[PDB]
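Here's the letter readout for the chains.
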Amino acid sequence: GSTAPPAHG
Amino acid sequence: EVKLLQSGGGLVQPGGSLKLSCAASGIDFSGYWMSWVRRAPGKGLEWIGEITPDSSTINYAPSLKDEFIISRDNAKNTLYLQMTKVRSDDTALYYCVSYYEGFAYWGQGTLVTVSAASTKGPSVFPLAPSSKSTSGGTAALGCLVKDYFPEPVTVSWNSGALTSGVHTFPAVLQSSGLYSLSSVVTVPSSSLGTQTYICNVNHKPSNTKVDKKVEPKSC
Amino acid sequence: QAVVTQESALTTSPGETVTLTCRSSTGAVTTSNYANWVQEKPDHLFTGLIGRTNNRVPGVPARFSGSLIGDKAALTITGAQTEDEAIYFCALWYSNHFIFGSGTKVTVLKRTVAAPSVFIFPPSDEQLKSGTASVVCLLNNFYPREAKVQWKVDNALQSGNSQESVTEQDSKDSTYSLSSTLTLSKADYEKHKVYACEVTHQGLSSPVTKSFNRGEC
């Protein structure tokens, strides 16, 4: 499903 | 209840190789970005690299992209960092971080000490002030614990009777691969001639014990 | 290679608001740089605060706010508290890597500022027998941590031969202590005469210098 948002996109 | 446990590290000789591990518990490790950062003595934070949840793309800092290799095993809930052919300035505290809108969850950090030195007892030199003439400007004495290896060293004053105002600083790894340390005490300048001050240095790794009396110069 | 720049140090009082900036050398800091802010408290206690310019990691109080102020990324601590006294690092995303800044030493005043007592220690004679000589400079019981010590050998500002060490903050009176050791070869030490240690601190209206001359007293 979803994964933890990182510090850069 | 999120915990990132680190293991590995320690003393490594120059040109060696080490592999650090970071075992995550309390999060769905498989769906978390991961990164390695390090804090060198006297330096700021330095970003080593980052790894996707599925290891699709791995990003290293351009400067040190050839020294380090980042990997992970989502099945084991573990993150690895292998440094190959280390150098003297790679000595630092290496931290294991997981992204969550930022550097959310950190590990305790493992220290890596790179040095080719063999265990050497310290040299204890007295830090004494020239003969004071000012009106009892509180005086300062101390010992200089120089050129020793490895880290653990204990300094006391007057066999432990003196503790008030004693400041024993953390050691600093010299450029020569050896450590160096300073212990200091402040005492009333009126008592410099009457009272004898002795610092007791103990380096257990070398079976060394030095009792050094600190007195001002003759002048 | 790009360089990230932040204020060397800042000082504020509990209740006030403080603003840290973070400047990119490549140009104006944009939202595409995804500014991150990390906090290091004493004893290497790192905690993340803000990422992606303005998103703060969940569970961080609202007084920490990330924004963009002109050409720089900004972290604003509104209504700061003593617990907020730490070193704040900035990270800027450059397409495929992060570059961390030097860090800003933010000070939140716990007590009245205290200026250090400065002492200078010449090298011992026994050490001179060894071929190297080290001059030690001690700053005793001062607050805040931010201090600058500079070595002057015959009015020549030295660099690259000094190493600093700082004690931990005393839980009782929150003061520090500093030892800067300047190491020289016995040759260079006996060549020159005047050795001086110049200390600059917030609790000092003018920087103080403590010196001594080789072979004199």
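Residues numbered from 1 in each chain as written, not as in the entry; some residues may be left out. Chains lettered and ligands numbered in written order. Heavy atoms only, no water.

- Going by what the PDB entry lists, chain C is known as 14A fab light chain and is assigned to Mus musculus.
- The record lists the entry's title as "Crystal structure of antibody 14A in complex with MUC1 glycopeptide(GlycoST)".

- Going by what the PDB entry lists, chain B is known as 14A fab heavy chain and is assigned to Mus musculus.

Concerning the sheet that holds strand β16 (residues 162-166) of chain C
All names here are of chain C.
- Strand order in the open sheet formed by 4 strands is β12-β13-β17-β16, and the pairing between neighbours is antiparallel. With one partner strand each, in any of the chains shown, β12 (117-121) and β16 form the two edges of the open sheet. Along the sheet, successive strands turn relative to each other by an average axial angle of 15°, direction set aside.
- Direction of pairing for β12 relative to strand β13 (residues 132-142): antiparallel, over a ladder of 5 bridges. (Pairing = 2+ DSSP bridges. Helix = DSSP H or I, 4+ residues; strand = E, 2+ residues; numbered from the N terminus. Axes fitted to C-alpha atoms, helices over the stretch in contact; angles between N-to-C directions.)

Description of the pattern of salt bridges
- All chains considered together, the criterion is met by 14 salt bridges over all chains.
- Of the charged contacts, one joins C:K110 and C:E85 as a salt bridge, the two residues approaching to 2.6 Å between their closest N and O atoms. Residue C:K110 is located in the loop between β11 (104-108) and β12, and its partner C:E85 is located in the loop between β8 (72-77) and β9 (86-93); the two are separated by 25 residues in the primary sequence.
- One network of salt bridges, with partners in common, ties together B:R38, B:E46 and B:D90. (Salt bridge = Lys/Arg side-chain N within 4 Å of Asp/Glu carboxyl O.)

Quick word on the interface of chain A and chain C
- Each partner contributes residues to the interface: chain A has 5 residues there, and chain C has 5 residues.
- On inspection of chain A and its partner chain C, the count reaches 0 salt bridges.
- Looking at the side of chain A that touches chain C residue by residue, the class counts come to 3 nonpolar, 2 polar and no charged. (Contact = heavy atoms within 4.5 Å. Nonpolar A, V, L, I, M, F, W, Y, C, P; charged D, E, K, R; others polar.)

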